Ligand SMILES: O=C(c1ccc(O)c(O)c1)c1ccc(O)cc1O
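Here we start with a single chain on its own, the form deposited without the ligand, put down as structure tokens.
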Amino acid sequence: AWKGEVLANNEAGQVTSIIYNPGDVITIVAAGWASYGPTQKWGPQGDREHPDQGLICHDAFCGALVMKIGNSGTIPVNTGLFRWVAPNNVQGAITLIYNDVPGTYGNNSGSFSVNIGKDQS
């Protein structure tokens, strides 16, 4: 299992020690407060009221927690995933990333605390 922080201003994301392998079932729980700019902060689901101006993940809100597995495209994490299995042909280290528009991470703040573990399978 892995536990750590993902900073909202980290554009390249936080690489974890979890290597997702084919067939793996995983659980993720994410908590905390962060912002893509405003002084207000939001949780791991992001800001449901904010428009998508070119987010790295178009299937989650701005300010949401997302991830990449190996060199996959972004996948929404939000508050977490429960006994979750990746699509076919997706594998590799899990990298956690705050959902924002490329080039605009500089004014972000806060972080999410995240647990990831592999489940019985």
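Sequential numbering from 1, following the sequence displayed.
The form deposited with the ligand bound is left out here; the points below concern that form.
Q: What I'd like checked is whether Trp2, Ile18 and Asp24 together line the ligand in the deposited bound form, meaning each has a non-hydrogen atom within 4.5 Å of it.
A: Judged in the deposited bound form, none of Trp2, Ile18 and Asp24 sits within 4.5 Å of the ligand.
Q: Does the ligand come within 4.5 Å of any heavy atom of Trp33 in the deposited bound form?
A: Looking in the deposited bound form, residue contacts with the ligand do not include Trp33, since no heavy atom lies within 4.5 Å.
Q: Answer yes if any heavy atom of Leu81 is within 4.5 Å of a heavy atom of the ligand in the deposited bound form; otherwise answer no.
A: Judged by the heavy-atom cut-off of 4.5 Å, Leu81 is in contact with the ligand in the deposited bound form.
Q: Within 4.5 Å, heavy atoms only: does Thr74 come near the ligand in the deposited bound form?
A: Heavy-atom contact with the ligand at 4.5 Å: present for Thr74.
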